[PDB]
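What follows is a single structure, written as structure tokens, with notes after it.
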Amino acid sequence: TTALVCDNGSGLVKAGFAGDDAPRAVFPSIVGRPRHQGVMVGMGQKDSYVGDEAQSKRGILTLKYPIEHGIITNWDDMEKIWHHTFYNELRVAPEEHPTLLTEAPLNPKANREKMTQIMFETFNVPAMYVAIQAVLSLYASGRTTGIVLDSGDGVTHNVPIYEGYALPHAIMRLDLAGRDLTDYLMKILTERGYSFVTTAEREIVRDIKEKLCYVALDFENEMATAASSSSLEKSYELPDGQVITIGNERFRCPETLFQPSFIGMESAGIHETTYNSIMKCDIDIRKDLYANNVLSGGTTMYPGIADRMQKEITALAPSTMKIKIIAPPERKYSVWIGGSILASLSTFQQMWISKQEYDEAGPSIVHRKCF
Amino acid sequence: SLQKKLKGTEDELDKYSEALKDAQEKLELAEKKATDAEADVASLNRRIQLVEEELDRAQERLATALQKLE
Amino acid sequence: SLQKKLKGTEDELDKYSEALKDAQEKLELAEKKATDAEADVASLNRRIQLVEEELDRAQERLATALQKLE
Ligand SMILES: Nc1ncnc2c1ncn2[C@@H]1O[C@H](COP(=O)(O)OP(=O)(O)O)[C@@H](O)[C@H]1O
Ligand SMILES: [Mg+2]
């Protein structure tokens with residue numbers, strides 16, 4: 001048989017068979033419902049629209065995200081998302097396919113318990129497993145040591161790993177992610193005169209952020225340059241025409257990662273959290289952690305993020321140490337690649353959670369050695 | 001009598017519309033290439049200043065170690 | 001009637017012709033900027049390796065001087 005690798009993530013569901021080079025189906029994790037009445041008779045529109053289908057009908061629907069920060073809030077629509085992924089995008093019955101999932105570090109145990117219960121009862125998969133996103137990302141890069149930063153749309157966390165041995169006491173998890181950056185961009189575009197309120201226009205703001213924003217190596221110098229020069233403004237075309245322009249907001253939005261005080265967060269920037277997590281570890285492994293800094297996640301795809309992060313870490317770390325940041329082109333798909341590699345291993349075949357084993361041991365077995 | 005004039009006008013309109021559409025398509029292609037090149041060159045210019053500072057204080061502490069060896 | 005539509009079509013065709021001329025102008029400007037950026041990046045990425053080897057042997061005899069001083 002073959003294994004199935006599913007990555008629920010947050011804001012983008014990516015799934016595909018184990019052993020493939022890239023995920024087969026990638027679509028937003030969005031479930032929508034029509035807020036209007038509808039006058040045409042015989043149309044027979046169904047109650048709920050899920051996946052990329054709801055994106056095309058954005059103007060009529062309202063969008064709800066079942067995942068806020070890693071955790072799942074609404075479970076019925078989560079079941080709808082999983083059913084859609086299993087039946088329409090992959091067109092495969094999950095009755096004969098083991099399923100591997102990704103789960104962010106430091107999340108409630110009830111999340112894992114309900115996930116396993118749903119996957120074993122509703123879909124009756126023969127076996128399934130849950131793995132950490134950072135470990136899979138380290139699998140994809142081909143490394144075996146080094147501290148990995150996984151900044152997705154839901155949560156940003158650092159996991160220091162040395163020689164295949166994780167250090168749980170040095171794991172730091174931060175709630176700043178892509179969704180908060182999009183919300184801050186919405187809040188900051190009001191200054192120029194553009195107002196976005198409807199959840200449909202959240203997607204437009206997200207597209208603007210993806211296609212236009214960039215990270216500045218130096219902040220005050222860039223502010224001084226933009227206050228006089230006009231070479232930074234770029235124009236974007238809304239779906240209904242009405243071209244707009246944007247200036248300082250082009251690079252002010254991604255600065256929130258390094259300046260959490262912009263959105264009122266107390267914590268420090270990612271550049272400081274990475275250094276603090278490195279210093280929380282031992283002293284004999286800091287060379288490899290410094291020299292094998294790995295980036296991943298969609299939010300990392302900002303151009304110029306690597307240079308700024310390296311500059312900050314070098315400004316923090318001692319000058320003797322060599323600081324290297326690994327930024328593969330396929331950052332946002334690294335976790336799924338690592339999951340496919342992990343599920344394709346021969347020695348992993350005896351680490352699944354079987355059906356009868358779960359039945360006899362109950363849902364609490366997830367937290368046992370079968371982590 | 002005017003039917004031929006209308007047909008010719010329609011054909012000309014179609015021809016200029018196709019030429020214009022090709023013109024945009026090339027314009028977005030060239031613009032995307034230009035922005036990608038500009039981003040790449042700006043990033044590597046920033047690399048240039050950082051390696052320049054690297055090199056500068058490299059000769060700084062090299063010279064300091066030089067008189068130390070003296 | 002048909003005369004109004006023909007006049008409107010002619011005026012629109014003139015407008016899109018002006019837009020076409022602007023499109024080629026912008027394309028030419030973008031191409032010039034692209035080739036200038038290509039020359040700049042060529043110079044920069046043939047000087048980066050010189051800077052790299054420079055700092056390399058800088059730290060090399062930094063280490064030699066340090067060990068001799070010790
Ligand atoms: N090039 C990019 N520019 C800006 N943001 C990006 C880019 N690529 C991905 N993202 C952000 O990453 C988020 C999706 O993260 P992803 O890598 O799919 O993991 P997850 O689905 O678990 O969040 C999106 O919300 C998006 O805003
Ligand atoms: Mg992720």
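Labels used: A, B, ... for chains in the order of the structure tokens, numbers from 1 for residues in each chain, and numbers from 1 for ligands as shown.
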I'm after chain B in the frame of chain C: fit it by least squares over all Cα atoms matched in order, and give me the output as a PDB file with N, CA, C and O atoms, in the first residue's frame.
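The result, written out as part20.pdb:
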```
ATOM      1  N   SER B   1     -26.459  56.707 -41.280  1.00  0.00           N
ATOM      2  CA  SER B   1     -26.696  56.120 -39.966  1.00  0.00           C
ATOM      3  C   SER B   1     -25.432  55.467 -39.421  1.00  0.00           C
ATOM      4  O   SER B   1     -25.138  55.557 -38.230  1.00  0.00           O
ATOM      5  N   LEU B   2     -24.685  54.804 -40.304  1.00  0.00           N
ATOM      6  CA  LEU B   2     -23.454  54.134 -39.911  1.00  0.00           C
ATOM      7  C   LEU B   2     -22.269  55.085 -39.804  1.00  0.00           C
ATOM      8  O   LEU B   2     -21.222  54.689 -39.280  1.00  0.00           O
ATOM      9  N   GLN B   3     -22.411  56.323 -40.285  1.00  0.00           N
ATOM     10  CA  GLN B   3     -21.302  57.270 -40.240  1.00  0.00           C
ATOM     11  C   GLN B   3     -20.897  57.579 -38.804  1.00  0.00           C
ATOM     12  O   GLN B   3     -19.703  57.661 -38.490  1.00  0.00           O
ATOM     13  N   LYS B   4     -21.879  57.751 -37.917  1.00  0.00           N
ATOM     14  CA  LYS B   4     -21.571  57.991 -36.511  1.00  0.00           C
ATOM     15  C   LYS B   4     -20.879  56.785 -35.885  1.00  0.00           C
ATOM     16  O   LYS B   4     -19.963  56.944 -35.070  1.00  0.00           O
ATOM     17  N   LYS B   5     -21.299  55.573 -36.257  1.00  0.00           N
ATOM     18  CA  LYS B   5     -20.639  54.377 -35.748  1.00  0.00           C
ATOM     19  C   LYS B   5     -19.188  54.315 -36.205  1.00  0.00           C
ATOM     20  O   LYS B   5     -18.295  53.984 -35.415  1.00  0.00           O
ATOM     21  N   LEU B   6     -18.932  54.633 -37.475  1.00  0.00           N
ATOM     22  CA  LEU B   6     -17.557  54.643 -37.970  1.00  0.00           C
ATOM     23  C   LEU B   6     -16.723  55.712 -37.276  1.00  0.00           C
ATOM     24  O   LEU B   6     -15.552  55.481 -36.955  1.00  0.00           O
ATOM     25  N   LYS B   7     -17.303  56.891 -37.042  1.00  0.00           N
ATOM     26  CA  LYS B   7     -16.569  57.945 -36.345  1.00  0.00           C
ATOM     27  C   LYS B   7     -16.227  57.527 -34.919  1.00  0.00           C
ATOM     28  O   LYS B   7     -15.100  57.744 -34.451  1.00  0.00           O
ATOM     29  N   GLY B   8     -17.186  56.923 -34.214  1.00  0.00           N
ATOM     30  CA  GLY B   8     -16.909  56.437 -32.873  1.00  0.00           C
ATOM     31  C   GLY B   8     -15.858  55.344 -32.859  1.00  0.00           C
ATOM     32  O   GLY B   8     -14.992  55.313 -31.980  1.00  0.00           O
ATOM     33  N   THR B   9     -15.917  54.435 -33.835  1.00  0.00           N
ATOM     34  CA  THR B   9     -14.912  53.384 -33.931  1.00  0.00           C
ATOM     35  C   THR B   9     -13.528  53.966 -34.187  1.00  0.00           C
ATOM     36  O   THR B   9     -12.540  53.509 -33.604  1.00  0.00           O
ATOM     37  N   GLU B  10     -13.439  54.976 -35.055  1.00  0.00           N
ATOM     38  CA  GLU B  10     -12.153  55.615 -35.318  1.00  0.00           C
ATOM     39  C   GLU B  10     -11.616  56.309 -34.074  1.00  0.00           C
ATOM     40  O   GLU B  10     -10.418  56.222 -33.772  1.00  0.00           O
ATOM     41  N   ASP B  11     -12.486  57.011 -33.342  1.00  0.00           N
ATOM     42  CA  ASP B  11     -12.047  57.670 -32.116  1.00  0.00           C
ATOM     43  C   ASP B  11     -11.559  56.657 -31.089  1.00  0.00           C
ATOM     44  O   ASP B  11     -10.523  56.860 -30.444  1.00  0.00           O
ATOM     45  N   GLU B  12     -12.290  55.550 -30.931  1.00  0.00           N
ATOM     46  CA  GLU B  12     -11.862  54.507 -30.006  1.00  0.00           C
ATOM     47  C   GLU B  12     -10.537  53.896 -30.441  1.00  0.00           C
ATOM     48  O   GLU B  12      -9.663  53.632 -29.608  1.00  0.00           O
ATOM     49  N   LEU B  13     -10.372  53.658 -31.744  1.00  0.00           N
ATOM     50  CA  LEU B  13      -9.118  53.105 -32.240  1.00  0.00           C
ATOM     51  C   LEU B  13      -7.956  54.038 -31.938  1.00  0.00           C
ATOM     52  O   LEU B  13      -6.891  53.590 -31.500  1.00  0.00           O
ATOM     53  N   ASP B  14      -8.149  55.342 -32.147  1.00  0.00           N
ATOM     54  CA  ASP B  14      -7.099  56.305 -31.827  1.00  0.00           C
ATOM     55  C   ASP B  14      -6.783  56.302 -30.335  1.00  0.00           C
ATOM     56  O   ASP B  14      -5.612  56.356 -29.940  1.00  0.00           O
ATOM     57  N   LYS B  15      -7.818  56.238 -29.493  1.00  0.00           N
ATOM     58  CA  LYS B  15      -7.599  56.259 -28.049  1.00  0.00           C
ATOM     59  C   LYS B  15      -6.816  55.034 -27.587  1.00  0.00           C
ATOM     60  O   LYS B  15      -5.830  55.153 -26.848  1.00  0.00           O
ATOM     61  N   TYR B  16      -7.243  53.841 -28.016  1.00  0.00           N
ATOM     62  CA  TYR B  16      -6.508  52.635 -27.647  1.00  0.00           C
ATOM     63  C   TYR B  16      -5.110  52.613 -28.251  1.00  0.00           C
ATOM     64  O   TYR B  16      -4.184  52.094 -27.621  1.00  0.00           O
ATOM     65  N   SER B  17      -4.923  53.167 -29.451  1.00  0.00           N
ATOM     66  CA  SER B  17      -3.584  53.223 -30.026  1.00  0.00           C
ATOM     67  C   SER B  17      -2.664  54.108 -29.196  1.00  0.00           C
ATOM     68  O   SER B  17      -1.509  53.748 -28.944  1.00  0.00           O
ATOM     69  N   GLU B  18      -3.158  55.270 -28.762  1.00  0.00           N
ATOM     70  CA  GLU B  18      -2.347  56.147 -27.922  1.00  0.00           C
ATOM     71  C   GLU B  18      -2.027  55.489 -26.585  1.00  0.00           C
ATOM     72  O   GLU B  18      -0.884  55.553 -26.107  1.00  0.00           O
ATOM     73  N   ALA B  19      -3.024  54.849 -25.968  1.00  0.00           N
ATOM     74  CA  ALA B  19      -2.787  54.155 -24.707  1.00  0.00           C
ATOM     75  C   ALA B  19      -1.763  53.040 -24.880  1.00  0.00           C
ATOM     76  O   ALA B  19      -0.861  52.876 -24.049  1.00  0.00           O
ATOM     77  N   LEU B  20      -1.871  52.280 -25.970  1.00  0.00           N
ATOM     78  CA  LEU B  20      -0.912  51.216 -26.238  1.00  0.00           C
ATOM     79  C   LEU B  20       0.491  51.773 -26.437  1.00  0.00           C
ATOM     80  O   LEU B  20       1.461  51.211 -25.920  1.00  0.00           O
ATOM     81  N   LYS B  21       0.621  52.869 -27.192  1.00  0.00           N
ATOM     82  CA  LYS B  21       1.935  53.457 -27.426  1.00  0.00           C
ATOM     83  C   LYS B  21       2.571  53.916 -26.122  1.00  0.00           C
ATOM     84  O   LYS B  21       3.769  53.698 -25.892  1.00  0.00           O
ATOM     85  N   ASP B  22       1.782  54.556 -25.254  1.00  0.00           N
ATOM     86  CA  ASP B  22       2.284  54.888 -23.926  1.00  0.00           C
ATOM     87  C   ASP B  22       2.699  53.630 -23.174  1.00  0.00           C
ATOM     88  O   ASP B  22       3.707  53.629 -22.452  1.00  0.00           O
ATOM     89  N   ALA B  23       1.938  52.544 -23.343  1.00  0.00           N
ATOM     90  CA  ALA B  23       2.257  51.294 -22.663  1.00  0.00           C
ATOM     91  C   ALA B  23       3.616  50.758 -23.097  1.00  0.00           C
ATOM     92  O   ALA B  23       4.442  50.391 -22.255  1.00  0.00           O
ATOM     93  N   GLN B  24       3.878  50.712 -24.410  1.00  0.00           N
ATOM     94  CA  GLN B  24       5.221  50.313 -24.828  1.00  0.00           C
ATOM     95  C   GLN B  24       6.262  51.262 -24.259  1.00  0.00           C
ATOM     96  O   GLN B  24       7.160  50.830 -23.534  1.00  0.00           O
ATOM     97  N   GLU B  25       6.102  52.568 -24.485  1.00  0.00           N
ATOM     98  CA  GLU B  25       7.129  53.516 -24.053  1.00  0.00           C
ATOM     99  C   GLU B  25       7.516  53.278 -22.594  1.00  0.00           C
ATOM    100  O   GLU B  25       8.705  53.175 -22.256  1.00  0.00           O
ATOM    101  N   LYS B  26       6.514  53.109 -21.729  1.00  0.00           N
ATOM    102  CA  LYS B  26       6.786  52.743 -20.346  1.00  0.00           C
ATOM    103  C   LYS B  26       7.459  51.379 -20.241  1.00  0.00           C
ATOM    104  O   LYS B  26       8.304  51.173 -19.361  1.00  0.00           O
ATOM    105  N   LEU B  27       7.107  50.436 -21.120  1.00  0.00           N
ATOM    106  CA  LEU B  27       7.688  49.096 -21.043  1.00  0.00           C
ATOM    107  C   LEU B  27       9.179  49.114 -21.365  1.00  0.00           C
ATOM    108  O   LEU B  27       9.979  48.511 -20.646  1.00  0.00           O
ATOM    109  N   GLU B  28       9.569  49.789 -22.451  1.00  0.00           N
ATOM    110  CA  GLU B  28      10.997  49.925 -22.737  1.00  0.00           C
ATOM    111  C   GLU B  28      11.716  50.712 -21.648  1.00  0.00           C
ATOM    112  O   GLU B  28      12.853  50.383 -21.299  1.00  0.00           O
ATOM    113  N   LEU B  29      11.082  51.754 -21.098  1.00  0.00           N
ATOM    114  CA  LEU B  29      11.730  52.486 -20.011  1.00  0.00           C
ATOM    115  C   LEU B  29      12.019  51.568 -18.824  1.00  0.00           C
ATOM    116  O   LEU B  29      13.158  51.499 -18.331  1.00  0.00           O
ATOM    117  N   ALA B  30      10.999  50.838 -18.368  1.00  0.00           N
ATOM    118  CA  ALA B  30      11.165  49.952 -17.222  1.00  0.00           C
ATOM    119  C   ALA B  30      12.147  48.830 -17.529  1.00  0.00           C
ATOM    120  O   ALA B  30      12.950  48.450 -16.670  1.00  0.00           O
ATOM    121  N   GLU B  31      12.097  48.283 -18.745  1.00  0.00           N
ATOM    122  CA  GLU B  31      13.010  47.208 -19.114  1.00  0.00           C
ATOM    123  C   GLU B  31      14.453  47.690 -19.131  1.00  0.00           C
ATOM    124  O   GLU B  31      15.347  46.991 -18.645  1.00  0.00           O
ATOM    125  N   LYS B  32      14.704  48.876 -19.688  1.00  0.00           N
ATOM    126  CA  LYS B  32      16.059  49.415 -19.692  1.00  0.00           C
ATOM    127  C   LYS B  32      16.555  49.645 -18.272  1.00  0.00           C
ATOM    128  O   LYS B  32      17.703  49.313 -17.945  1.00  0.00           O
ATOM    129  N   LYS B  33      15.698  50.200 -17.410  1.00  0.00           N
ATOM    130  CA  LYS B  33      16.090  50.385 -16.016  1.00  0.00           C
ATOM    131  C   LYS B  33      16.407  49.049 -15.354  1.00  0.00           C
ATOM    132  O   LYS B  33      17.395  48.930 -14.618  1.00  0.00           O
ATOM    133  N   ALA B  34      15.586  48.029 -15.617  1.00  0.00           N
ATOM    134  CA  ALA B  34      15.793  46.720 -15.009  1.00  0.00           C
ATOM    135  C   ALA B  34      17.096  46.084 -15.472  1.00  0.00           C
ATOM    136  O   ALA B  34      17.837  45.522 -14.660  1.00  0.00           O
ATOM    137  N   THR B  35      17.392  46.148 -16.773  1.00  0.00           N
ATOM    138  CA  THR B  35      18.646  45.580 -17.264  1.00  0.00           C
ATOM    139  C   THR B  35      19.854  46.336 -16.727  1.00  0.00           C
ATOM    140  O   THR B  35      20.871  45.720 -16.386  1.00  0.00           O
ATOM    141  N   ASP B  36      19.773  47.667 -16.649  1.00  0.00           N
ATOM    142  CA  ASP B  36      20.880  48.423 -16.072  1.00  0.00           C
ATOM    143  C   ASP B  36      21.108  48.032 -14.617  1.00  0.00           C
ATOM    144  O   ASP B  36      22.252  47.814 -14.192  1.00  0.00           O
ATOM    145  N   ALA B  37      20.025  47.921 -13.843  1.00  0.00           N
ATOM    146  CA  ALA B  37      20.150  47.516 -12.448  1.00  0.00           C
ATOM    147  C   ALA B  37      20.717  46.108 -12.332  1.00  0.00           C
ATOM    148  O   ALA B  37      21.552  45.840 -11.463  1.00  0.00           O
ATOM    149  N   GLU B  38      20.271  45.193 -13.195  1.00  0.00           N
ATOM    150  CA  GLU B  38      20.768  43.823 -13.148  1.00  0.00           C
ATOM    151  C   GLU B  38      22.255  43.762 -13.470  1.00  0.00           C
ATOM    152  O   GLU B  38      23.009  43.040 -12.810  1.00  0.00           O
ATOM    153  N   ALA B  39      22.695  44.512 -14.481  1.00  0.00           N
ATOM    154  CA  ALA B  39      24.117  44.539 -14.804  1.00  0.00           C
ATOM    155  C   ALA B  39      24.931  45.109 -13.650  1.00  0.00           C
ATOM    156  O   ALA B  39      25.983  44.563 -13.291  1.00  0.00           O
ATOM    157  N   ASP B  40      24.450  46.199 -13.046  1.00  0.00           N
ATOM    158  CA  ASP B  40      25.174  46.801 -11.930  1.00  0.00           C
ATOM    159  C   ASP B  40      25.269  45.839 -10.752  1.00  0.00           C
ATOM    160  O   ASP B  40      26.342  45.666 -10.159  1.00  0.00           O
ATOM    161  N   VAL B  41      24.151  45.192 -10.404  1.00  0.00           N
ATOM    162  CA  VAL B  41      24.166  44.296  -9.255  1.00  0.00           C
ATOM    163  C   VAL B  41      25.008  43.063  -9.544  1.00  0.00           C
ATOM    164  O   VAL B  41      25.682  42.560  -8.647  1.00  0.00           O
ATOM    165  N   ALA B  42      25.006  42.560 -10.782  1.00  0.00           N
ATOM    166  CA  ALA B  42      25.865  41.423 -11.103  1.00  0.00           C
ATOM    167  C   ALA B  42      27.338  41.796 -10.993  1.00  0.00           C
ATOM    168  O   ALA B  42      28.140  41.033 -10.435  1.00  0.00           O
ATOM    169  N   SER B  43      27.711  42.972 -11.507  1.00  0.00           N
ATOM    170  CA  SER B  43      29.098  43.409 -11.398  1.00  0.00           C
ATOM    171  C   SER B  43      29.517  43.553  -9.941  1.00  0.00           C
ATOM    172  O   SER B  43      30.603  43.105  -9.547  1.00  0.00           O
ATOM    173  N   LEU B  44      28.662  44.153  -9.114  1.00  0.00           N
ATOM    174  CA  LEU B  44      29.037  44.316  -7.716  1.00  0.00           C
ATOM    175  C   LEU B  44      28.928  43.018  -6.917  1.00  0.00           C
ATOM    176  O   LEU B  44      29.626  42.876  -5.913  1.00  0.00           O
ATOM    177  N   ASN B  45      28.117  42.049  -7.356  1.00  0.00           N
ATOM    178  CA  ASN B  45      28.205  40.709  -6.779  1.00  0.00           C
ATOM    179  C   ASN B  45      29.553  40.072  -7.075  1.00  0.00           C
ATOM    180  O   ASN B  45      30.155  39.456  -6.188  1.00  0.00           O
ATOM    181  N   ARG B  46      30.034  40.193  -8.316  1.00  0.00           N
ATOM    182  CA  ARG B  46      31.365  39.679  -8.630  1.00  0.00           C
ATOM    183  C   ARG B  46      32.417  40.364  -7.768  1.00  0.00           C
ATOM    184  O   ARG B  46      33.339  39.715  -7.249  1.00  0.00           O
ATOM    185  N   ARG B  47      32.274  41.679  -7.590  1.00  0.00           N
ATOM    186  CA  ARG B  47      33.088  42.390  -6.612  1.00  0.00           C
ATOM    187  C   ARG B  47      32.962  41.759  -5.230  1.00  0.00           C
ATOM    188  O   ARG B  47      33.943  41.681  -4.485  1.00  0.00           O
ATOM    189  N   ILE B  48      31.759  41.307  -4.872  1.00  0.00           N
ATOM    190  CA  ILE B  48      31.536  40.731  -3.548  1.00  0.00           C
ATOM    191  C   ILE B  48      32.326  39.438  -3.378  1.00  0.00           C
ATOM    192  O   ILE B  48      32.991  39.235  -2.357  1.00  0.00           O
ATOM    193  N   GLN B  49      32.269  38.539  -4.370  1.00  0.00           N
ATOM    194  CA  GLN B  49      33.058  37.313  -4.222  1.00  0.00           C
ATOM    195  C   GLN B  49      34.554  37.609  -4.219  1.00  0.00           C
ATOM    196  O   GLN B  49      35.310  36.979  -3.463  1.00  0.00           O
ATOM    197  N   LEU B  50      35.012  38.544  -5.055  1.00  0.00           N
ATOM    198  CA  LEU B  50      36.451  38.803  -5.078  1.00  0.00           C
ATOM    199  C   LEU B  50      36.926  39.411  -3.759  1.00  0.00           C
ATOM    200  O   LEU B  50      37.973  39.016  -3.233  1.00  0.00           O
ATOM    201  N   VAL B  51      36.159  40.346  -3.189  1.00  0.00           N
ATOM    202  CA  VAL B  51      36.547  40.898  -1.894  1.00  0.00           C
ATOM    203  C   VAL B  51      36.394  39.853  -0.796  1.00  0.00           C
ATOM    204  O   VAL B  51      37.114  39.894   0.206  1.00  0.00           O
ATOM    205  N   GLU B  52      35.467  38.903  -0.952  1.00  0.00           N
ATOM    206  CA  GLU B  52      35.338  37.833   0.030  1.00  0.00           C
ATOM    207  C   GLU B  52      36.581  36.954   0.044  1.00  0.00           C
ATOM    208  O   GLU B  52      37.099  36.606   1.111  1.00  0.00           O
ATOM    209  N   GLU B  53      37.076  36.588  -1.141  1.00  0.00           N
ATOM    210  CA  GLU B  53      38.321  35.826  -1.216  1.00  0.00           C
ATOM    211  C   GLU B  53      39.495  36.639  -0.681  1.00  0.00           C
ATOM    212  O   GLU B  53      40.373  36.103   0.014  1.00  0.00           O
ATOM    213  N   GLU B  54      39.531  37.933  -1.017  1.00  0.00           N
ATOM    214  CA  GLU B  54      40.521  38.848  -0.455  1.00  0.00           C
ATOM    215  C   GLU B  54      40.528  38.776   1.065  1.00  0.00           C
ATOM    216  O   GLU B  54      41.572  38.553   1.692  1.00  0.00           O
ATOM    217  N   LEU B  55      39.350  38.923   1.665  1.00  0.00           N
ATOM    218  CA  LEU B  55      39.221  38.923   3.115  1.00  0.00           C
ATOM    219  C   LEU B  55      39.652  37.579   3.688  1.00  0.00           C
ATOM    220  O   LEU B  55      40.365  37.521   4.700  1.00  0.00           O
ATOM    221  N   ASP B  56      39.249  36.488   3.032  1.00  0.00           N
ATOM    222  CA  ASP B  56      39.556  35.152   3.527  1.00  0.00           C
ATOM    223  C   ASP B  56      41.058  34.912   3.588  1.00  0.00           C
ATOM    224  O   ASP B  56      41.596  34.537   4.641  1.00  0.00           O
ATOM    225  N   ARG B  57      41.769  35.148   2.480  1.00  0.00           N
ATOM    226  CA  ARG B  57      43.192  34.867   2.630  1.00  0.00           C
ATOM    227  C   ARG B  57      43.879  35.965   3.428  1.00  0.00           C
ATOM    228  O   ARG B  57      45.009  35.757   3.888  1.00  0.00           O
ATOM    229  N   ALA B  58      43.200  37.100   3.645  1.00  0.00           N
ATOM    230  CA  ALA B  58      43.700  38.090   4.589  1.00  0.00           C
ATOM    231  C   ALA B  58      43.784  37.513   5.997  1.00  0.00           C
ATOM    232  O   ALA B  58      44.834  37.590   6.642  1.00  0.00           O
ATOM    233  N   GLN B  59      42.690  36.919   6.498  1.00  0.00           N
ATOM    234  CA  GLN B  59      42.844  36.262   7.801  1.00  0.00           C
ATOM    235  C   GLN B  59      43.775  35.062   7.719  1.00  0.00           C
ATOM    236  O   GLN B  59      44.408  34.718   8.720  1.00  0.00           O
ATOM    237  N   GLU B  60      43.891  34.426   6.551  1.00  0.00           N
ATOM    238  CA  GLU B  60      44.845  33.327   6.428  1.00  0.00           C
ATOM    239  C   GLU B  60      46.261  33.786   6.771  1.00  0.00           C
ATOM    240  O   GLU B  60      46.870  33.305   7.741  1.00  0.00           O
ATOM    241  N   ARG B  61      46.799  34.741   6.004  1.00  0.00           N
ATOM    242  CA  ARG B  61      48.170  35.153   6.294  1.00  0.00           C
ATOM    243  C   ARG B  61      48.269  35.958   7.585  1.00  0.00           C
ATOM    244  O   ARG B  61      49.341  35.976   8.200  1.00  0.00           O
ATOM    245  N   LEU B  62      47.179  36.587   8.039  1.00  0.00           N
ATOM    246  CA  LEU B  62      47.196  37.225   9.350  1.00  0.00           C
ATOM    247  C   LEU B  62      47.431  36.198  10.449  1.00  0.00           C
ATOM    248  O   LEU B  62      48.275  36.395  11.329  1.00  0.00           O
ATOM    249  N   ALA B  63      46.706  35.078  10.399  1.00  0.00           N
ATOM    250  CA  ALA B  63      46.909  34.019  11.377  1.00  0.00           C
ATOM    251  C   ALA B  63      48.311  33.437  11.276  1.00  0.00           C
ATOM    252  O   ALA B  63      48.949  33.166  12.303  1.00  0.00           O
ATOM    253  N   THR B  64      48.804  33.228  10.048  1.00  0.00           N
ATOM    254  CA  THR B  64      50.156  32.690   9.885  1.00  0.00           C
ATOM    255  C   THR B  64      51.188  33.608  10.532  1.00  0.00           C
ATOM    256  O   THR B  64      52.058  33.154  11.290  1.00  0.00           O
ATOM    257  N   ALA B  65      51.094  34.912  10.256  1.00  0.00           N
ATOM    258  CA  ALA B  65      51.968  35.867  10.923  1.00  0.00           C
ATOM    259  C   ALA B  65      51.734  35.872  12.426  1.00  0.00           C
ATOM    260  O   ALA B  65      52.645  36.199  13.190  1.00  0.00           O
ATOM    261  N   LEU B  66      50.530  35.504  12.868  1.00  0.00           N
ATOM    262  CA  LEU B  66      50.264  35.441  14.301  1.00  0.00           C
ATOM    263  C   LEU B  66      51.104  34.360  14.973  1.00  0.00           C
ATOM    264  O   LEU B  66      51.784  34.628  15.974  1.00  0.00           O
ATOM    265  N   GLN B  67      51.096  33.131  14.439  1.00  0.00           N
ATOM    266  CA  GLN B  67      51.963  32.157  15.111  1.00  0.00           C
ATOM    267  C   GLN B  67      53.431  32.486  14.870  1.00  0.00           C
ATOM    268  O   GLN B  67      54.274  32.192  15.725  1.00  0.00           O
ATOM    269  N   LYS B  68      53.763  33.093  13.725  1.00  0.00           N
ATOM    270  CA  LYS B  68      55.147  33.503  13.509  1.00  0.00           C
ATOM    271  C   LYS B  68      55.602  34.460  14.603  1.00  0.00           C
ATOM    272  O   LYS B  68      56.695  34.308  15.160  1.00  0.00           O
ATOM    273  N   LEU B  69      54.755  35.431  14.949  1.00  0.00           N
ATOM    274  CA  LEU B  69      55.040  36.317  16.071  1.00  0.00           C
ATOM    275  C   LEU B  69      55.076  35.551  17.388  1.00  0.00           C
ATOM    276  O   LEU B  69      55.815  35.929  18.304  1.00  0.00           O
ATOM    277  N   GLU B  70      54.292  34.477  17.507  1.00  0.00           N
ATOM    278  CA  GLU B  70      54.323  33.683  18.733  1.00  0.00           C
ATOM    279  C   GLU B  70      55.701  33.063  18.958  1.00  0.00           C
ATOM    280  O   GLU B  70      56.308  33.234  20.027  1.00  0.00           O
TER     281      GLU B  70
END
```
Requested in this report: Excluding segment 55-63 of chain A and residues on its chain fewer than 6 positions from it, collect all residues at most 10 Å away from it, counting only C-alpha atoms, and give them as a list in words.
Outcome: residues 27, 28, 29, 30, 31, 32, 33, 34, 35, 36, 48, 49, 198, 199, 200, 201, 202 and 203 of chain A
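The interatomic distance for the pair atom CA of residue 151 of chain A and atom CA of residue 317 of chain A works out to 21.8 Å.
Neighbours of ligand 2 at a cut-off of 9 Å, computed so that only C-alpha atoms and all ligand atoms are counted, are the residues residues 7, 8, 9, 10, 12, 70, 102, 103, 104, 133, 134, 150, 151, 152, 153, 154, 155, 156, 296, 297, 298, 332, 333, 334, 335 and 336 of chain A.
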Report task. Please indicate the distance in Å from atom CA of residue 260 of chain A to atom CA of residue 182 of chain A, rounded to one decimal place. Result ->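 We find that atom CA of residue 260 of chain A and atom CA of residue 182 of chain A lie 13.9 Å from each other.
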Requested in this report: Can you check which residues of chain A have any atom within 9 Å of chain B? Use only C-alpha atoms and format it as a PyMOL selection string.
Outcome: chain A and resi 217+303-304+307+311
